[PDB]
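Data first, discussion second: the structure below is written as structure tokens.
Per chain, numbering begins at 1; letters A, B, ... match sequence-line order.
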Amino acid sequence: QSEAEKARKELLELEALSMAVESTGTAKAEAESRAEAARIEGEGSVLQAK
Amino acid sequence: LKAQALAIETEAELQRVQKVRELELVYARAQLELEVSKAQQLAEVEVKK
């Protein structure tokens with residue numbers, strides 16, 4: 001179990017790189033979508049107010 | 001961008017408010033000389049009588 005643990009530390013630190021991706025990628029995606037929609041509304045509001 | 005639209009509609013609004021109130025001031029002082037015209041002219045018929 002000391003041998004099935006020196007490798008299991010390696011399986012764990014690779015899951016930490018992978019879980020970084022699933023989380024930073026998900027939050028990056030839902031936030032850049034809201035920033036783009038609000039830019040369209042913002043450039044239109046300048047014209048609409050003109 | 002929200003500040004650009006706030007400048008556009010502030011410029012528009014003050015163009016109107018200025019153009020309105022300046023014209024209303026002309027009418028306001030024409031009512032005055034007509035008001036003064038009455039008070040002094042009915043005060044003549046009061047004094048002379």
Side-chain angles (χ1 to χ4, degrees):
Chain A
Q1 297 180 358
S2 66
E3 292 293 325
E5 183 72 28
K6 284 181 280 188
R8 187 182 293 116
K9 185 180 78 170
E10 299 296 326
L11 176 60
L12 289 176
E13 70 188 8
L14 291 180
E15 293 178 355
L17 294 177
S18 175
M19 187 174 70
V21 174
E22 186 177 3
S23 297
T24 190
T26 304
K28 176 175 182 290
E30 187 180 2
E32 285 185 352
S33 68
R34 290 189 184 95
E36 186 67 25
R39 183 187 60 80
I40 306 300
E41 298 176 354
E43 292 176 354
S45 293
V46 178
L47 180 64
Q48 293 176 358
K50 188 181 291 292
Chain B
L1 299 173
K2 189 178 181 181
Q4 293 181 0
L6 192 279
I8 293 169
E9 69 186 1
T10 301
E11 183 183 2
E13 182 179 359
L14 272 69
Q15 286 293 111
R16 184 177 186 271
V17 175
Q18 183 181 3
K19 189 180 267 78
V20 171
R21 293 186 296 179
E22 67 94 19
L23 186 148
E24 192 273 332
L25 187 63
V26 174
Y27 181 78
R29 61 171 63 90
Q31 297 294 110
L32 178 62
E33 61 183 358
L34 195 152
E35 180 182 3
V36 176
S37 179
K38 180 179 178 180
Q40 67 187 358
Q41 192 169 3
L42 294 175
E44 294 295 330
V45 67
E46 183 65 13
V47 171
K48 181 173 74 174
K49 183 257 187 66

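- To the nearest 0.5 angstrom, B:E33 atom CD is 15.5 Å from B:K38 atom NZ.
- Taking every heavy atom of both residues into account, A:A49 and B:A5 meet most closely at CB-CB, 4.0 Å.
- Under a hydrophobic-cluster definition in which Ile, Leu, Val, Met, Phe, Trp and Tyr are linked whenever side-chain heavy atoms come within less than 4.5 Å, directly or via other members, B:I8 and B:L1 are assigned to the same cluster.
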Yes or no on side chain to side chain contact (heavy atoms under 4.5 Å, CB included) for B:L25 and B:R29, after CA distance, side-chain angles and deciding distance?
CA-CA 6 Å; B:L25 187 63; B:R29 61 171 63 90; 3.3 Å; yes

Step by step, would you call A:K6 with A:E3 a salt bridge (charged side-chain N to carboxylate O under 4.0 Å, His left out)?
CA-CA 5 Å; A:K6 284 181 280 188; A:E3 292 293 325; 2.9 Å; yes

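- The local environment of CD in B:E11 is sparse, with at most 12 non-hydrogen atoms from other residues, nucleotides or ligands closer than 6.0 Å.
- Taking a 6.0 Å sphere around CD of B:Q31, one finds it holds more than 12 heavy atoms contributed by other residues, nucleotides or ligands.
- Summarising the geometry, atom NZ belonging to A:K28 is positioned 11.0 Å from atom OG belonging to A:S33; distances are rounded to the nearest 0.5 Å.
- Other residues, nucleotides and ligands contribute over 12 non-hydrogen atoms within 6.0 Å of the CD atom of B:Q40.
- B:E13 has no carboxylate O lying under 4.0 Å from a charged side-chain N of B:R16, or vice versa, which leaves the two without a salt bridge.
- Screening A:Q1, A:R8, A:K9 against A:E5 for a side-chain hydrogen bond (donor to acceptor under 3.5 Å, both in side chains) leaves a single residue, A:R8.
- Counting only distance, with no hydrogens or angles, the side chain of A:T24 and the backbone of A:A20 share no donor-acceptor pair below 3.5 Å.
- At least one side-chain heavy atom of A:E15 sits under 4.5 Å from a side-chain heavy atom of A:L11.
- Within 6.0 Å of the CD atom in A:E22, the count of heavy atoms belonging to other residues, nucleotides or ligands does not exceed 12.
- One finds the NZ atom of A:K50 at 8.5 Å from the CD atom of B:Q4 (value rounded to the nearest 0.5 Å).
- When the shell of 6.0 Å around CD of B:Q41 is examined, it contains 12 or fewer heavy atoms from other residues, nucleotides or ligands.
- Counted within 6.0 Å of CD on A:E30, heavy atoms from surrounding residues, nucleotides or ligands total 12 or fewer; the atom is thus considered open.
- The CG atom of B:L6 lies 11.5 Å from the OG atom of A:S45; values are rounded to the nearest 0.5 Å.
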